[PDB]
Structure formats: C-alpha cells, structure tokens
Amino acid sequence: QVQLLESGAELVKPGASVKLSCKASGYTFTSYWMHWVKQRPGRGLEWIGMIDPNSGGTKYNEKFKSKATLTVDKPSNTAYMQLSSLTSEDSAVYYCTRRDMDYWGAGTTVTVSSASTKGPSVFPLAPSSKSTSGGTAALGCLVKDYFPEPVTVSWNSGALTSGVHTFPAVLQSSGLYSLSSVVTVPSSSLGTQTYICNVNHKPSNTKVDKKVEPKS
Amino acid sequence: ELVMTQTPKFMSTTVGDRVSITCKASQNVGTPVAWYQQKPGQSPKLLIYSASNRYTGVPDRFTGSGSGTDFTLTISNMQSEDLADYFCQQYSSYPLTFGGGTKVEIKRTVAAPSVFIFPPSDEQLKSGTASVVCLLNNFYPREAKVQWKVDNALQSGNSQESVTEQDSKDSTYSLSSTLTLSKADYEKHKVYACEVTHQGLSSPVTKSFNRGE
C-alpha cells in the first residue's frame with residue numbers, strides 16, 4: 001500500500017525553525033514528485049511547493065518562497081520541509097501528497113508558541129447507573145490541562161471505534177486545553193470486557209493507558 | 001495567481017437530494033481542475049480530476065463538469081457518509097490553487113439527546129480538583145442548551161463545552177459539558193445536576209447525582 005507518514009515537532013518557539021518529515025513507503029520514492037500543502041483549521045488549503053526525490057529540483061509558491069525549504073533523503077525514502085522564522089501564522093496542519101495528489105499523509109500539526117508544553121492528566125469517566133440508557137452504558141476518559149493541541153485518543157489500542165466520541169478540546173482560562181473521549185458499550189458485558197483509553201501527547205512525551213472501570 | 005471562487009460556502013441537504021458546488025476560475029483553466037473531499041479529522045481525498053474524471057473507488061454519485069472558467073461538482077443521491085468539506089483545485093498553471101471550500105451538512109429528523117453525567121474521579125479529587133462531565137449523545141439539530149445546577153442553584157462561569165462535528169453514519173451530534181470546581185467547593189454541596197433543553201424534548205431533562213461511594 002502506498003503510504004505517506006508525516007511527523008515532526010508539534011510545538012515550536014516563535015522566530016525558531018522546525019523541520020517536518022514525510023516518510024514514503026509502498027512505492028518508488030524517487031519516481032514521483034512530492035507536494036507540501038498547508039491548512040489552517042476551518043480555513044482553506046494552500047500549495048507550498050514540491051520536489052523531485054530524484055533530482056532535487058524544487059518549485060515553490062512565491063508566498064512561501066522564503067518560509068519553506070524542501071529536501072529529500074533517498075536512503076530513507078523521506079521528504080523534508082523546513083520552516084524558518086516561525087510566527088503564529090505558521091501554526092497550521094501540514095500535509096505531504098504525491099505528484100498527482102491521489103495519496104496524502106495524515107498531516108502534522110504545528111503550534112508556534114513561546115509557552116511551555118504541559119502534559120495532560122487522564123482521569124476515568126466511569127460507567128455507572130447515571131451513565132446508563134437503553135441497555136447501554138457510556139464511559140470514557142477526561143484528558144485535561146495540556147498544551148498545545150493535539151492529543152490523540154484511542155480505545156483498546158484502536159480495537160474499539162464504534163460509539164466513540166472524542167470531543168473537540170476546549171480552552172480553559174489558564175490557556176491550557178481539556179478534552180473528553182467517550183464511548184457507549186453494552187451494559188451486559190461490563191463485567192467481562194476491558195476498556196482502556198490510550199492517550200498520547202507528543203510535545204510532553206505523554207503516553208498513558210487508563211483502564212476505565214465501573215464505579216464501585 | 002488565478003483564484004478559484006467556490007460557492008456556496010455552506011450547504012444543508014437531506015439524504016437523496018442533489019447537491020452542486022461551483023468554482024469559477026479567475027483566468028481560464030481548460031480542464032485541469034480537480035475536486036477533493038475532506039471528511040472531519042481526515043486529510044483531503046481526490047474525488048475528481050481533469051474536470052470530469054473520477055478517481056478510482058469514487059462512487060458514481062459524484063460527477064464533475066465545466067470548462068474554460070466555470071466548473072461544478074454534483075453529488076446526486078446524497079448519502080450520510082458524504083458529509084464533509086469539498087475543495088476544487090486548479091492545476092493548469094503554477095502556483096497550484098484551491099477553491100475556498102464548501103461545507104456540506106446533512107439535514108435529518110429530530111432526535112432528542114441521551115443524557116449522561118459523570119461525577120469526578122477519585123484520582124482527580126486527590127489532586128485537589130473536581131470536574132463533573134455531562135454528556136448529550138446523538139441528537140439533532142445541533143442546537144442544545146446545558147445548564148449546571150448545584151443544590152438547585154444555576155451555575156455560571158465554571159463550565160466549558162464543545163460539540164462534535166456531524167456524525168457520518170446517523171448525521172447526529174453529541175456534546176460534552178464540564179463543570180470544574182476546586183475539591184473544596186465541590187465538597188460544600190451534595191446535588192450536582194445537568195439540565196438539558198433541546199428540540200426533541202417537550203420540557204427540560206435533568207440528570208444528577210448526590211455523592212455516593
């Protein structure tokens with residue numbers, strides 16, 4: 001399968017520089033050009049530029065001519081994009097896509113801020129008689145007090161996706177974020193199934209697995 | 001730079017209805033025009049290219065057309081899973097340009113919310129803070145009101161909420177409200193209630209608890 005995997009620092013200081021990466025797999029990296037597209041949440045898409053993983057030729061958008069610098073690494077089959085003199089306007093999601101934009105990566109989020117990162121605390125939202133409905137029970141995890149976004153939340157290592165609602169994070173007056181992730185499961189098997197929320201916050205090196213159990 | 005003016009910005013349709021989006025080129029793009037579909041939380045996905053060609057896998061429901069400067073994307077039997085943001089793109093000249101985008105929302109039948117409430121965890125309490133969470137699951141329309149009441153006193157300034165994007169399967173929404181107090185203030189009361197108001201309810205629904213276990 002053709003796969004583009006982006007990655008890189010998600011929290012960076014203003015005036016600094018950050019280098020994003022795109023690891024390609026499932027196809028001859030050097031046979032297709034690579035594009036980098038920018039997107040500010042809720043806003044439009046922007047073409048930053050492209051590169052030929054074979055020659056090294058680059059074609060930038062006049063707009064990011066001085067902001068971005070694309071490069072590649074044949075040995076590792078990965079393309080890179082470096083952004084300089086970062087400002088709040090560089091905070092956005094960045095994607096890498098094949099020449100024909102038929103394949104896109106998942107995207108990397110960048111938050112330009114001088115504020116320091118803060119890892120989240122993960123508390124269980126335990127299932128109980130007050131979180132019951134028509135034979136189903138809602139349970140989940142509260143991920144609070146973290147900076148910056150995003151924080152990824154999976155249930156049972158991705159084996160539990162149905163009935164899951166991971167809410168948009170809210171901003172607390174302190175400037176820190178909080179979010180909740182819930183899921184509705186059968187009330188009958190609360191005693192035999194195990195539910196664990198896997199929380200990951202890259203900027204703070206946070207990796208938590210919190211088992212959620214009935215209130216007793 | 002050859003801009004693509006895309007309309008409408010937003011659209012509300014019902015399953016089965018026909019939807020059409022338009023992109024007018026600033027200059028003139030023969031046929032190098034593409035359309036992408038971006039579902040919530042996902043990355044753009046190639047839908048149409050060359051103005052009328054459909055990328056592999058893309059269902060016949062999607063059809064593109066237009067030439068010269070005016071282009072349109074048409075989705076016939078509008079399905080639930082088709083809710084998303086759509087973008088047109090010009091790739092005839094550099095720099096590559098994208099239309100402003102159109103958010104296609106689905107209109108469906110009224111669905112009242114299911115309400116759940118979660119007291120603070122012991123782990124959090126031992127940390128000196130108490131957060132109470134109220135969940136409003138799978139309702140429609142998106143508009144809903146939540147009011148926190150402690151010992152029957154309406155709260156203000158101590159809660160935050162967020163609403164999900166529309167669900168691609170049942171076209172409903174869900175909402176989460178968090179009432180955060182200090183472990184101290186939380187212990188000066190016994191009744192924590194979440195009062196919900198919504199179009200699918202004939203009168204306010206209240207979910208609450210005291211402080212057992």
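What you see below is based on every heavy atom in this structure, not just the backbone, and it leaves out hydrogens, waters and symmetry mates. In what follows, chains carry the letters A, B, and so on, assigned in the order in which the sequence lines appear, proteins first and then strands, with residues in each chain numbered from 1.
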Between [X] and chain B, with a heavy-atom cut-off of 4.5 Å, which part of the residue counts as in contact: side chain, backbone, both or neither?
{"X": "A:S173", "answer": "neither"}
{"X": "A:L139", "answer": "backbone"}
{"X": "A:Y60", "answer": "neither"}
{"X": "A:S178", "answer": "neither"}
{"X": "A:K215", "answer": "side chain"}

With rounding to the nearest 0.5 angstrom, report the [atom1] to [atom2] distance, [X] to [Y].
{"X": "A:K59", "Y": "B:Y94", "atom1": "NZ", "atom2": "OH", "result": "6.0 Å"}
{"X": "A:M101", "Y": "B:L46", "atom1": "CE", "atom2": "CG", "result": "10.0 Å"}
{"X": "A:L125", "Y": "B:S121", "atom1": "CG", "atom2": "OG", "result": "8.0 Å"}
{"X": "B:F209", "Y": "A:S131", "atom1": "CZ", "atom2": "OG", "result": "12.0 Å"}

If you count heavy-atom pairs within less than 4.5 Å of chain A, which of [options] leads?
{"options": "B:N137, B:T180, B:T129", "result": "B:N137"}
{"options": "B:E213, B:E123, B:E165", "result": "B:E123"}
{"options": "B:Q160, B:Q124, B:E1", "result": "B:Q124"}

Could you report the tightest heavy-atom contact between [X] and [Y], atom names first, then the distance?
{"X": "B:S43", "Y": "A:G105", "value": "OG-O, 3.1 Å"}
{"X": "B:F98", "Y": "A:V37", "value": "CE1-CG1, 4.3 Å"}
{"X": "A:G44", "Y": "B:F87", "value": "CA-CE2, 4.3 Å"}
{"X": "B:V163", "Y": "A:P168", "value": "O-CG, 3.4 Å"}
{"X": "A:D102", "Y": "B:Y55", "value": "CB-OH, 3.3 Å"}
{"X": "B:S162", "Y": "A:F167", "value": "OG-CB, 3.4 Å"}

Heavy-atom side-chain contact between [X] and [Y] under 4.5 Å:
{"X": "B:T178", "Y": "A:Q172", "result": "no"}
{"X": "B:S131", "Y": "A:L142", "result": "yes"}
{"X": "A:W47", "Y": "B:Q89", "result": "no"}
{"X": "B:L125", "Y": "A:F123", "result": "no"}
{"X": "A:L45", "Y": "B:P44", "result": "yes"}

A quick test of your reading: do over 12 heavy atoms of other residues, nucleotides or ligands sit less than 6.0 Å from NZ of A:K211?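 Atom NZ in A:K211 is packed in, count exceeds 12.
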Would you say A:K207 has more than 12 foreign heavy atoms packed within less than 6.0 Å of its NZ?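 12 or below, so no.
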Interface residue of largest heavy-atom contact number with chain B, from [options], under 4.5 Å:
{"options": "A:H35, A:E62, A:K144", "value": "A:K144"}
{"options": "A:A126, A:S128, A:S180, A:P124", "value": "A:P124"}
{"options": "A:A138, A:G49, A:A106", "value": "A:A138"}

For the residue pair A:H165 / B:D167, report whether a side-chain donor-acceptor contact shorter than 3.5 Å exists.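 No, A:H165 and B:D167 have no side-chain donor paired with an acceptor closer than 3.5 Å.
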